[PDB]
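Trainee: Attaching a single structure in structure tokens format; questions to follow.
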Amino acid sequence: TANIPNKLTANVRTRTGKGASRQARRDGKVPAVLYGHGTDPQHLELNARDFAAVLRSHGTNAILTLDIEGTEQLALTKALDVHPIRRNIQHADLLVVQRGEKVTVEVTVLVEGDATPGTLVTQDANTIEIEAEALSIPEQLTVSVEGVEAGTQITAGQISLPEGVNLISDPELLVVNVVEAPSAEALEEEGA
Amino acid sequence: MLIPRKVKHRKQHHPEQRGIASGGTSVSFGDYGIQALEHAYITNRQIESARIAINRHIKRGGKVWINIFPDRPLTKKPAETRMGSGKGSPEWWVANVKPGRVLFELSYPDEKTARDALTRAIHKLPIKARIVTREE
Amino acid sequence: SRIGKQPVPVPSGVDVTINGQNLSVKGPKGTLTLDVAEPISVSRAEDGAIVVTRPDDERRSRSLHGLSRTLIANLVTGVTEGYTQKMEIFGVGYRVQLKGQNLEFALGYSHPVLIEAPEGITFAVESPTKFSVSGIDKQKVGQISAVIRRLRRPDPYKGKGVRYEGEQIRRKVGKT
Amino acid sequence: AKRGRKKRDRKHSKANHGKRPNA
Amino acid sequence: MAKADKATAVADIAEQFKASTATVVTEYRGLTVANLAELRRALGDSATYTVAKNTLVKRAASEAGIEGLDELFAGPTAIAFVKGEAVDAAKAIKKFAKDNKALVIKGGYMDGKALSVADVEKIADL
Amino acid sequence: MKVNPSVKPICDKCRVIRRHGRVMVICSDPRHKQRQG
RNA sequence: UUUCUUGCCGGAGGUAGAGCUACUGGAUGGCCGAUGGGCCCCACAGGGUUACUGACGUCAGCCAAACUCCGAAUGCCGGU
RNA sequence: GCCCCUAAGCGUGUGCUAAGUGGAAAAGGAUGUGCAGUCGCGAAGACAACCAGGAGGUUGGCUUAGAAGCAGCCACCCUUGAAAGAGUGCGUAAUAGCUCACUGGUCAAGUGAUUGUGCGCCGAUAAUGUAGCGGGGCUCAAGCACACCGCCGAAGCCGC
RNA sequence: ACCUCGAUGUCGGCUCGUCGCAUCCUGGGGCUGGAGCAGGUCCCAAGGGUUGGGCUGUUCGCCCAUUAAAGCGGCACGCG
Ligand SMILES: [Mg+2]
Ligand SMILES: [Mg+2]
Ligand SMILES: [Mg+2]
Ligand SMILES: [Mg+2]
Ligand SMILES: [Mg+2]
Ligand SMILES: [Mg+2]
Ligand SMILES: [Mg+2]
Ligand SMILES: [Mg+2]
Ligand SMILES: [Mg+2]
Ligand SMILES: [Mg+2]
Ligand SMILES: [Mg+2]
Ligand SMILES: [Mg+2]
Ligand SMILES: [Mg+2]
Ligand SMILES: [Mg+2]
Ligand SMILES: [Mg+2]
Ligand SMILES: [Mg+2]
Ligand SMILES: [Mg+2]
Ligand SMILES: [Mg+2]
Ligand SMILES: [Mg+2]
Ligand SMILES: [Mg+2]
Ligand SMILES: [Mg+2]
Ligand SMILES: [Mg+2]
Ligand SMILES: [Mg+2]
Ligand SMILES: [Mg+2]
Ligand SMILES: [Mg+2]
Ligand SMILES: [Mg+2]
Ligand SMILES: [Mg+2]
Ligand SMILES: [Mg+2]
Ligand SMILES: [Mg+2]
Ligand SMILES: [Mg+2]
Ligand SMILES: [Mg+2]
Ligand SMILES: [Mg+2]
Ligand SMILES: [Mg+2]
Ligand SMILES: [Mg+2]
Ligand SMILES: [Mg+2]
Ligand SMILES: [Mg+2]
Ligand SMILES: [Mg+2]
Ligand SMILES: [Mg+2]
Ligand SMILES: [Mg+2]
Ligand SMILES: [Zn+2]
């Protein structure tokens with residue numbers, strides 16, 4: 001499992017404040033902050049279209065290499081802020097990472113397969129925490145369900161993982177649950 | 001018909017209806033859900049009507065979640081009465097909702113049927129609404 | 001646009017004269033005049049074809065190009081060969097007959113109904129149950145055909161009335 | 001009725017800037 | 001169908017033609033499923049009966065010298081490969097065509113040259 | 001000829017058109033005919 | 001000039017907001033659930049070998065003028 | 001505020017409006033129109049249109065008088081393939097037929113969807129006389145949006 | 001409770017009008033679970049007409065004989 005960095009251009013902010021941030025967002029640049037173990041916080045700007053394209057292409061957790069006035073830095077998108085209604089990228093958090101580091105990254109999980117007629121699939125947990133080096137973080141994790149019946153509680157620890165990844169979350173977590181199909185009587189009874 | 005078992009205080013002011021919802025603005029119980037846009041006081045009977053409308057069309061499979069509960073009361077005084085002489089009595093219960101709040105959540109295999117049921121539900125509410133999914 | 005792109009062929013036995021925007025065609029069956037839309041210009045290809053061109057690519061020009069092309073094609077075809085339309089009758093005791101330039105019907109009313117023949121159109125009947133209408137102008141032929149058809153109200157039970165050759169009318173049965 | 005709606009919508013003129021006495 | 005699928009079909013017919021001795025071209029229009037299945041069963045003993053696309057066979061014909069059959073691909077075309085012997089399948093298709101009256105043989109290929117319908121009939125008779 | 005604020009293609013054969021600023025739907029079945037107003 | 005305005009400095013609050021394993025209440029869906037703090041033989045010993053209850057726990061998503069682990073701009077007193 | 005009533009611009013440049021919107025309004029409905037961003041397909045022949053094939057166990061099981069693809073429930077299996085879906089319907093008590101879904105042969109490049117936005121349409125309806133631009137009138141804007149140049153305008157300020 | 005208490009006189013009935021259409025008849029159409037007479041529903045339309053009696057002061061309402069019909073409302077619940 002290997003991944004390649006994505007290149008983007010960033011500029012040093014001239015002014016800081018709510019007015020400046022609003023003006024930049026209106027213009028079409030999303031403000032962001034770069035901080036890490038280097039003890040040297042920096043706050044920059046990115047191109048909204050390019051950033052959105054990169055996120056769409058390579059998921060939420062992507063390795064980014066930045067061109068800061070001719071200097072190259074390796075950064076990871078730690079967290080994002082999204083407006084609940086307009087659905088924009090209000091702000092971004094970037095963490096400096098060098099090759100050969102252990103990081104805690106949350107990765108989404110997907111469920112695919114076929115179910116028996118009396119089986120209904122439910123997903124209690126959508127994300128898990130895994131520890132791996134920067135360049136081998138998976139973009140998606142899949143779990144297969146085929147011909148299960150009755151109680152088939154899928155445990156988080158039971159998920160198959162690649163090499164070089166540690167399951168930070170305890171094995172006690174439950175991710176996917178399978179229960180008998182509902183009925184009209186139960187549906188009517190519930191909610192009254 | 002959802003009502004609270006008991007409340008510490010039985011008569012209260014009008015709930016505040018300003019601002020944008022902060023919590024519960026993301027949908028994670030199933031696959032599809034509803035989010036509001038306007039401000040209004042959703043009633044218990046409206047909630048019941050929406051739930052019945054969804055269920056009667058979904059029929060066998062799936063299940064529905066409700067993320068709100070009409071616990072805050074409202075009062076009405078007897079008609080044909082002058083003003084004053086004290087406050088009225090509680091009549092119907094409402095739930096405060098703000099833009100971004102997620103109301104209902106449904107999980108079902110078929111996207112077409114799910115969206116049809118959600119639209120049937122939306123048509124019964126007093127405010128505009130939009131269908132949203134689990135993925136970002 | 002797509003329909004109007006193809007130039008309209010001109011048969012040898014057709015005489016075409018162009019005077020600015022007015023257009024006239026002389027042929028064996030007669031002559032007719034025409035007026036073209038101002039925004040669109042028409043040109044005569046030297047190889048015996050009609051060329052219609054549009055200056056722009058907006059809504060009005062796009063709409064008018066095909067209309068003008070089809071109208072010119074219809075005009076040339078009509079002046080060349082002509083146009084005809086024939087009908088047929090159904091029911092019991094329904095008859096048609098010809099008297100000079102006029103035509104008389106018998107639809108079962110207390111009185112007989114007459115139809116007046118306008119200019120440039122002639123009626124022809126071969127059988128008491130079937131007749132035909134002939135003319136040169138397609139629009140006029142269609143108008144008179146519609147007027148003839150509208151004489152009797154629709155009947156979805158017994159199908160009594162008049163209609164075109166292969167026209168199929170929806171029918172339903174009243175059990176009572 | 002018609003009369004009441006007319007006045008309150010007449011406050012949206014350019015000069016009054018949106019505020020008019022007695023609504 | 002995808003580009004990979006079309007390429008796979010081209011390669012499939014290319015190798016089928018390479019492994020086959022000769023082939024004939026016929027029209028499958030106006031034939032019912034029952035008689036089509038009957039013909040397939042009759043011809044399955046020695047040869048194979050399938051349907052080929054005009055452009056697809058045109059492209060697959062570039063490898064060999066059968067490019068002269070390009071002019072014969074106008075309209076519907078059903079391709080048959082004679083893996084075993086030559087005359088059995090030709091006579092079978094001729095008898096089926098004359099019995100049905102709804103099938104017309106466009107031509108065939110053998111000896112590295114295309115031949116007209118009269119020559120196809122003569123070789124089938126031989 | 002139904003007259004309602006909302007007009008929809010009831011069956012898979014209806015076609016929606018526009019005439020003189022009024023949106024009406026026509027179809028082979030007479031029942032399926034209505035207009036806005 | 002002790003009045004008022006501006007800059008600077010020292011001052012105590014409990015709103016808006018937000019939060020809940022931080023207290024009192026309302027409350028959405030899951031998990032084992034001993035022990036219903038309890039019921040097929042009542043054995044003094046297998047389970048809802050049976051659709052319950054499931055406490056306490058734990059997974060997550062919420063609400064309150066008479067809830068506050070938190071908490072501002074204006075406002076007010078004093079000094080220059 | 002600057003077409004006339006009336007003092008001053010039937011001002012300059014770039015775009016939108018076909019509804020007198022401008023000069024009344026909601027849930028909701030819709031092939032009106034301009035801009036920005038998408039995925040699928042398209043020279044290996046896209047979409048529509050105009051000829052052929054659209055089948056065999058098969059009437060799949062329960063249900064019913066009845067159930068054959070089309071009151072209802074379970075799989076929603078499979079052979080032949082180019083394609084057959086336990087089939088979206090308007091068809092008969094039940095069969096039988098018109099068909100259709102994907103696809104073949106002829107023409108030749110646009111064809112669909114949601115995504116966000118500027119303007120618009122329907123929803124529209126009370127009583128003495130148009131009467132919801134102040135009047136005449138205006139889409140050859142005298143309407144709307146973004147920039148630029150001027151003027152008229154009080155007992156406000158300046159001048160004696 | 002905003003004008004009228006140094007005054008805005010009142011419920012029905014009689015006489016006399018005028019206006020709106022959310023139409024009772026007369027006039028023109030669409031769809032029908034429209035065979036025809038006769039019916040149900042929607043669309044356009046305000047030129048004309050819309051009776052006489054028994055009962056209560058009535059409004060309202062029941063009833064007796066007719067016609068095409070015996071419409072709903074506004075004008076200080078029209079009009080001393
Ligand atoms: Mg909260
Ligand atoms: Mg609503
Ligand atoms: Mg007010
Ligand atoms: Mg002092
Ligand atoms: Mg403090
Ligand atoms: Mg306190
Ligand atoms: Mg608050
Ligand atoms: Mg608590
Ligand atoms: Mg939460
Ligand atoms: Mg308060
Ligand atoms: Mg508080
Ligand atoms: Mg205070
Ligand atoms: Mg002047
Ligand atoms: Mg001008
Ligand atoms: Mg411009
Ligand atoms: Mg209008
Ligand atoms: Mg207006
Ligand atoms: Mg409106
Ligand atoms: Mg809508
Ligand atoms: Mg077919
Ligand atoms: Mg089968
Ligand atoms: Mg059934
Ligand atoms: Mg848009
Ligand atoms: Mg004016
Ligand atoms: Mg002064
Ligand atoms: Mg008073
Ligand atoms: Mg008084
Ligand atoms: Mg008095
Ligand atoms: Mg009086
Ligand atoms: Mg009317
Ligand atoms: Mg009438
Ligand atoms: Mg009716
Ligand atoms: Mg009338
Ligand atoms: Mg008159
Ligand atoms: Mg009146
Ligand atoms: Mg008086
Ligand atoms: Mg009076
Ligand atoms: Mg009066
Ligand atoms: Mg009155
Ligand atoms: Zn239809």
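Ordering of the structure tokens sets the chain letters (A, B, ...), residue numbers begin anew at 1 in every chain, and ligands are numbered from 1 in the order given.
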Tell me which protein, DNA and RNA residues are within 9 Å of residue H:87, counting only C-alpha atoms (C1' of nucleotides), leaving out same-chain ones fewer than 3 positions away, and put them as number ranges by chain.
Mentor: H: 69-70, 100-101
Trainee: Could the residues that lie within 12 Å of ligand 31, counting only C-alpha atoms (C1' of nucleotides) and all ligand atoms, be listed as a ChimeraX atom specification?
Mentor: /I:23-29,43-45,68
Trainee: Can you tell me, as a list in words, what residues are no more than 9 Å from stretch 47-49 of chain C when counting only C-alpha atoms (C1' of nucleotides), ignoring any on the same chain fewer than 6 positions away?
Mentor: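 Everything that qualifies: residues 7, 8, 9, 10, 11 and 12 of chain C.
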Trainee: Please find the residues contacting ligand 17 at a distance of at most 8 Å between atoms, with only C-alpha atoms (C1' of nucleotides) and all ligand atoms counted, and report them as a list in words.
Mentor: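 Using only C-alpha atoms (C1' of nucleotides) and all ligand atoms, I find these residues within 8 Å of ligand 17: residues 21, 22, 23, 24 and 132 of chain H.
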Trainee: Where does DSSP see helix (DSSP H, G or I) in stretch 21-125 of chain B, if you list the residues as a PDB file with C-alpha atoms, in the first residue's frame?
Mentor:
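Produced file result15.pdb, reproduced below:
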```
ATOM      1  CA  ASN B  44     -46.475  15.886  17.678  1.00  0.00           C
ATOM      2  CA  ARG B  45     -49.397  15.208  15.344  1.00  0.00           C
ATOM      3  CA  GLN B  46     -47.318  16.379  12.375  1.00  0.00           C
ATOM      4  CA  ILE B  47     -44.536  14.012  13.452  1.00  0.00           C
ATOM      5  CA  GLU B  48     -47.034  11.158  13.693  1.00  0.00           C
ATOM      6  CA  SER B  49     -48.474  11.934  10.261  1.00  0.00           C
ATOM      7  CA  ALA B  50     -45.013  11.951   8.691  1.00  0.00           C
ATOM      8  CA  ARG B  51     -44.088   8.658  10.357  1.00  0.00           C
ATOM      9  CA  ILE B  52     -47.294   6.964   9.190  1.00  0.00           C
ATOM     10  CA  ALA B  53     -46.801   8.314   5.671  1.00  0.00           C
ATOM     11  CA  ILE B  54     -43.276   6.896   5.513  1.00  0.00           C
ATOM     12  CA  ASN B  55     -44.245   3.527   6.992  1.00  0.00           C
ATOM     13  CA  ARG B  56     -47.325   2.922   4.841  1.00  0.00           C
ATOM     14  CA  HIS B  57     -45.178   3.275   1.706  1.00  0.00           C
ATOM     15  CA  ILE B  58     -42.037   1.501   2.919  1.00  0.00           C
ATOM     16  CA  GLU B 111     -32.659   4.222  -3.466  1.00  0.00           C
ATOM     17  CA  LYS B 112     -35.677   4.952  -5.673  1.00  0.00           C
ATOM     18  CA  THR B 113     -38.174   3.708  -3.091  1.00  0.00           C
ATOM     19  CA  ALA B 114     -36.292   5.468  -0.289  1.00  0.00           C
ATOM     20  CA  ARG B 115     -36.351   8.812  -2.090  1.00  0.00           C
ATOM     21  CA  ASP B 116     -40.030   8.405  -2.964  1.00  0.00           C
ATOM     22  CA  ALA B 117     -40.882   7.746   0.682  1.00  0.00           C
ATOM     23  CA  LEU B 118     -38.798  10.714   1.822  1.00  0.00           C
ATOM     24  CA  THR B 119     -40.568  13.015  -0.640  1.00  0.00           C
ATOM     25  CA  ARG B 120     -43.949  11.774   0.578  1.00  0.00           C
ATOM     26  CA  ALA B 121     -42.806  12.624   4.102  1.00  0.00           C
ATOM     27  CA  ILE B 122     -41.533  16.080   3.130  1.00  0.00           C
TER      28      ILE B 122
END
```
Trainee: Do you have the atom CA of residue A:70-atom CA of residue A:7 distance handy?
Mentor: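 Separation between atom CA of residue A:70 and atom CA of residue A:7: 12.3 Å.
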Trainee: Excluding same-chain residues fewer than 2 positions from residue E:43, what lies within 12 Å of it counting only C-alpha atoms (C1' of nucleotides), as a PyMOL selection string?
Mentor: chain E and resi 36-41+45-50+80-84+87-96
Trainee: Given a cut-off of 8 Å, which residues of chain C touch chain I, counting only C-alpha atoms (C1' of nucleotides), written out as a PyMOL selection string?
Mentor: chain C and resi 174-176
Trainee: Could those residues be written to a file, using N, CA, C and O atoms, as a compact mmCIF listing (two decimals), in the first residue's frame?
Mentor:
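Just written: out-v8.txt:
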```txt
# COMPACT_ATOMS: atom_id res chain seq x y z
N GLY C 174 -71.11 -0.19 -24.83
CA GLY C 174 -72.02 0.02 -23.73
C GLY C 174 -72.88 -1.20 -23.48
O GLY C 174 -73.80 -1.49 -24.26
N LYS C 175 -72.60 -1.93 -22.40
CA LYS C 175 -73.29 -3.19 -22.16
C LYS C 175 -74.79 -3.00 -21.99
O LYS C 175 -75.58 -3.76 -22.54
N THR C 176 -75.19 -1.98 -21.24
CA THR C 176 -76.60 -1.74 -20.97
C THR C 176 -77.37 -1.53 -22.27
O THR C 176 -77.87 -2.48 -22.86
```
Trainee: At what distance in Å, to one decimal, does atom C1' of residue I:73 lie from atom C1' of residue I:47?
Mentor: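 Going from atom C1' of residue I:47 over to atom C1' of residue I:73, I get 20.7 Å.
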Trainee: When the cut-off is 12 Å and you count only C-alpha atoms (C1' of nucleotides) and all ligand atoms, which residues lie near ligand 1, shown as a list in words?
Mentor: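 Here is the list of contacting residues: residues 20, 21, 22, 23, 24, 25, 97, 98 and 101 of chain B; 17, 18, 19, 20, 61, 62, 63 and 64 of chain G.
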Trainee: Limited to C-alpha atoms (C1' of nucleotides), could you put the picked residues into a file as a PDB file, in the first residue's frame?
Mentor:
```
ATOM      1  CA  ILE B  20     -28.694  28.440  12.958  1.00  0.00           C
ATOM      2  CA  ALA B  21     -28.608  24.991  14.529  1.00  0.00           C
ATOM      3  CA  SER B  22     -25.208  24.020  15.934  1.00  0.00           C
ATOM      4  CA  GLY B  23     -25.598  20.456  17.190  1.00  0.00           C
ATOM      5  CA  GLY B  24     -27.150  17.497  15.433  1.00  0.00           C
ATOM      6  CA  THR B  25     -26.410  18.948  11.994  1.00  0.00           C
ATOM      7  CA  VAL B  97     -36.304  23.229  14.959  1.00  0.00           C
ATOM      8  CA  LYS B  98     -33.684  25.407  13.260  1.00  0.00           C
ATOM      9  CA  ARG B 101     -31.408  20.193  12.076  1.00  0.00           C
TER      10      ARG B 101
ATOM     11  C1'   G G  17     -23.401  31.544  23.168  1.00  0.00           C
ATOM     12  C1'   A G  18     -22.154  26.834  24.342  1.00  0.00           C
ATOM     13  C1'   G G  19     -22.078  22.160  27.373  1.00  0.00           C
ATOM     14  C1'   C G  20     -23.264  17.899  29.780  1.00  0.00           C
ATOM     15  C1'   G G  61     -26.567  11.722  18.253  1.00  0.00           C
ATOM     16  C1'   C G  62     -29.811  16.010  21.571  1.00  0.00           C
ATOM     17  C1'   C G  63     -32.924  19.781  24.820  1.00  0.00           C
ATOM     18  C1'   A G  64     -34.072  23.664  29.524  1.00  0.00           C
TER      19        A G  64
END
```
Trainee: How would you write, as a list in words, the set of residues no farther than 8 Å from ligand 22 when counting only C-alpha atoms (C1' of nucleotides) and all ligand atoms?
Mentor: residues 67, 71, 72 and 73 of chain H
Trainee: Can I get the selected residues back with N, CA and C atoms (P, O5', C5', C4', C3', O3' and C1' of nucleotides), as a PDB file, in the first residue's frame?
Mentor:
```
ATOM      1  P     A H  67     -56.190 -20.240 -12.369  1.00  0.00           P
ATOM      2  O5'   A H  67     -54.678 -19.867 -12.698  1.00  0.00           O
ATOM      3  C5'   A H  67     -54.356 -18.967 -13.754  1.00  0.00           C
ATOM      4  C4'   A H  67     -53.500 -17.820 -13.277  1.00  0.00           C
ATOM      5  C3'   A H  67     -52.494 -18.164 -12.179  1.00  0.00           C
ATOM      6  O3'   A H  67     -51.292 -17.419 -12.365  1.00  0.00           O
ATOM      7  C1'   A H  67     -53.960 -16.476 -11.409  1.00  0.00           C
ATOM      8  P     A H  71     -53.241  -8.708 -12.742  1.00  0.00           P
ATOM      9  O5'   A H  71     -53.512  -8.336 -11.216  1.00  0.00           O
ATOM     10  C5'   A H  71     -54.475  -9.052 -10.455  1.00  0.00           C
ATOM     11  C4'   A H  71     -55.099  -8.191  -9.383  1.00  0.00           C
ATOM     12  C3'   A H  71     -54.178  -7.759  -8.251  1.00  0.00           C
ATOM     13  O3'   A H  71     -53.370  -6.642  -8.577  1.00  0.00           O
ATOM     14  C1'   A H  71     -56.180  -8.606  -7.339  1.00  0.00           C
ATOM     15  P     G H  72     -51.958  -6.427  -7.841  1.00  0.00           P
ATOM     16  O5'   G H  72     -52.136  -7.166  -6.440  1.00  0.00           O
ATOM     17  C5'   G H  72     -51.008  -7.487  -5.638  1.00  0.00           C
ATOM     18  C4'   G H  72     -51.398  -8.285  -4.417  1.00  0.00           C
ATOM     19  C3'   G H  72     -50.279  -9.091  -3.771  1.00  0.00           C
ATOM     20  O3'   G H  72     -49.479  -8.312  -2.896  1.00  0.00           O
ATOM     21  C1'   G H  72     -52.201 -10.455  -4.023  1.00  0.00           C
ATOM     22  P     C H  73     -47.892  -8.191  -3.123  1.00  0.00           P
ATOM     23  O5'   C H  73     -47.290  -9.457  -2.368  1.00  0.00           O
ATOM     24  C5'   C H  73     -47.202  -9.493  -0.950  1.00  0.00           C
ATOM     25  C4'   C H  73     -46.715 -10.835  -0.462  1.00  0.00           C
ATOM     26  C3'   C H  73     -45.368 -11.292  -1.006  1.00  0.00           C
ATOM     27  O3'   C H  73     -44.277 -10.757  -0.276  1.00  0.00           O
ATOM     28  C1'   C H  73     -46.946 -13.050  -1.200  1.00  0.00           C
TER      29        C H  73
END
```
Trainee: So which residues of stretch 76-134 of chain A fall under strand (DSSP E or B) by DSSP, listed as JSON, numbers by chain?
Mentor: {"A": [76, 77, 78, 79, 80, 81, 82, 89, 90, 91, 92, 93, 94, 95, 96, 102, 103, 104, 105, 106, 107, 108, 109, 110, 111, 112, 113, 114, 119, 120, 121, 122, 123, 127, 128, 129, 130, 131, 132, 133]}
Trainee: Filtering to C-alpha atoms, could you give me those residues as a compact mmCIF listing (two decimals), in the first residue's frame?
Mentor:
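So again_17.txt came out as:
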```
# COMPACT_ATOMS: atom_id res chain seq x y z
CA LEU A 76 -1.64 16.12 6.07
CA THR A 77 -5.22 17.39 6.35
CA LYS A 78 -5.96 16.82 10.03
CA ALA A 79 -9.46 18.32 10.12
CA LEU A 80 -11.89 20.39 8.06
CA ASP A 81 -14.70 22.86 8.73
CA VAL A 82 -17.77 22.71 6.48
CA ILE A 89 -14.66 24.57 2.97
CA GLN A 90 -14.53 27.33 5.57
CA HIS A 91 -11.16 26.36 7.04
CA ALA A 92 -8.53 23.63 6.84
CA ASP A 93 -5.97 22.18 9.26
CA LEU A 94 -2.62 20.97 7.90
CA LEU A 95 -0.08 18.98 9.93
CA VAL A 96 3.56 18.68 8.89
CA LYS A 102 3.49 7.15 13.40
CA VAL A 103 0.20 9.06 13.12
CA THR A 104 -3.38 8.45 14.26
CA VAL A 105 -5.78 8.76 11.32
CA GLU A 106 -9.51 8.06 11.20
CA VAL A 107 -10.56 6.09 8.11
CA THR A 108 -14.09 5.43 6.89
CA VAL A 109 -15.41 1.91 6.33
CA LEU A 110 -17.76 0.54 3.68
CA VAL A 111 -20.06 -2.50 3.66
CA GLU A 112 -20.82 -4.49 0.51
CA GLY A 113 -22.35 -7.89 -0.14
CA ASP A 114 -25.61 -9.81 -0.30
CA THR A 119 -31.68 -10.12 7.03
CA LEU A 120 -31.43 -6.34 7.41
CA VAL A 121 -28.04 -4.60 7.52
CA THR A 122 -27.31 -1.82 10.01
CA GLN A 123 -24.12 0.23 10.36
CA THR A 127 -15.28 5.30 11.13
CA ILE A 128 -12.41 3.65 13.01
CA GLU A 129 -9.00 4.76 14.27
CA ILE A 130 -5.85 3.12 12.89
CA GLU A 131 -2.14 3.85 13.30
CA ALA A 132 0.18 3.61 10.29
CA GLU A 133 3.00 5.50 8.64
```
Trainee: Per residue of chain A within 12 Å of chain G, note the shortest atom pair and the distance in Å to one decimal, counting only C-alpha atoms (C1' of nucleotides), and order the rows by chain and increasing residue number, as CSV.
Mentor:
```
residue,atom,partner,partner_atom,distance
A:122,CA,G:30,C1',10.2
A:123,CA,G:30,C1',10.3
A:124,CA,G:30,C1',7.4
A:125,CA,G:60,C1',8.0
A:126,CA,G:60,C1',10.4
A:127,CA,G:60,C1',11.5
A:153,CA,G:31,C1',9.6
A:154,CA,G:31,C1',11.8
A:155,CA,G:31,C1',11.1
A:170,CA,G:59,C1',11.8
A:172,CA,G:31,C1',9.7
A:173,CA,G:59,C1',7.5
A:174,CA,G:31,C1',7.9
A:175,CA,G:59,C1',9.9
A:176,CA,G:30,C1',10.8
A:177,CA,G:30,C1',9.2
A:178,CA,G:30,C1',11.7
A:179,CA,G:30,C1',11.7
A:186,CA,G:51,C1',11.7
A:190,CA,G:29,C1',11.8
A:191,CA,G:28,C1',11.0
```
Trainee: Kindly export the residues of the current selection with N, CA and C atoms, as a compact mmCIF listing (two decimals), in the first residue's frame.
Mentor:
```
# COMPACT_ATOMS: atom_id res chain seq x y z
N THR A 122 -27.40 -3.09 9.30
CA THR A 122 -27.31 -1.82 10.01
C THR A 122 -25.84 -1.51 10.28
N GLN A 123 -25.49 -0.23 10.17
CA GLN A 123 -24.12 0.23 10.36
C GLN A 123 -24.11 1.18 11.56
N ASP A 124 -23.72 0.67 12.73
CA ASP A 124 -23.68 1.51 13.92
C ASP A 124 -22.50 2.47 13.88
N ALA A 125 -21.33 1.99 13.48
CA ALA A 125 -20.11 2.79 13.43
C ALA A 125 -19.70 2.99 11.98
N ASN A 126 -19.32 4.23 11.64
CA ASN A 126 -18.93 4.57 10.28
C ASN A 126 -17.44 4.79 10.12
N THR A 127 -16.70 5.00 11.21
CA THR A 127 -15.28 5.30 11.13
C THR A 127 -14.54 4.60 12.26
N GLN A 153 -23.23 -10.22 14.74
CA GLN A 153 -22.54 -9.00 15.13
C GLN A 153 -21.11 -9.00 14.61
N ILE A 154 -20.80 -8.07 13.71
CA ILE A 154 -19.46 -7.94 13.16
C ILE A 154 -18.66 -7.04 14.09
N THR A 155 -17.58 -7.57 14.65
CA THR A 155 -16.75 -6.83 15.58
C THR A 155 -15.68 -6.05 14.82
N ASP A 170 -10.34 -0.19 20.46
CA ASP A 170 -10.37 -1.46 21.16
C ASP A 170 -11.18 -2.48 20.37
N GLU A 172 -13.48 -4.24 21.31
CA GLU A 172 -14.85 -4.33 21.82
C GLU A 172 -15.85 -3.56 20.96
N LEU A 173 -15.39 -2.70 20.06
CA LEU A 173 -16.30 -1.90 19.26
C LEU A 173 -17.08 -2.77 18.28
N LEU A 174 -18.35 -2.42 18.07
CA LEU A 174 -19.21 -3.09 17.11
C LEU A 174 -19.46 -2.15 15.94
N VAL A 175 -19.29 -2.66 14.73
CA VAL A 175 -19.35 -1.85 13.52
C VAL A 175 -20.61 -2.15 12.70
N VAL A 176 -20.86 -3.42 12.42
CA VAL A 176 -22.00 -3.84 11.60
C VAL A 176 -22.79 -4.88 12.37
N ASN A 177 -24.11 -4.71 12.41
CA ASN A 177 -25.01 -5.62 13.11
C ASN A 177 -26.06 -6.14 12.13
N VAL A 178 -26.39 -7.43 12.27
CA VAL A 178 -27.39 -8.09 11.44
C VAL A 178 -28.46 -8.66 12.35
N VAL A 179 -29.72 -8.34 12.05
CA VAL A 179 -30.86 -8.76 12.85
C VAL A 179 -31.97 -9.24 11.92
N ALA A 186 -44.45 -4.86 14.23
CA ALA A 186 -43.41 -4.16 14.98
C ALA A 186 -43.29 -2.71 14.55
N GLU A 190 -43.83 0.35 17.20
CA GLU A 190 -42.81 1.34 17.51
C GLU A 190 -43.31 2.74 17.17
N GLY A 191 -42.91 3.71 18.00
CA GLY A 191 -43.27 5.10 17.78
C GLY A 191 -44.57 5.54 18.42
```
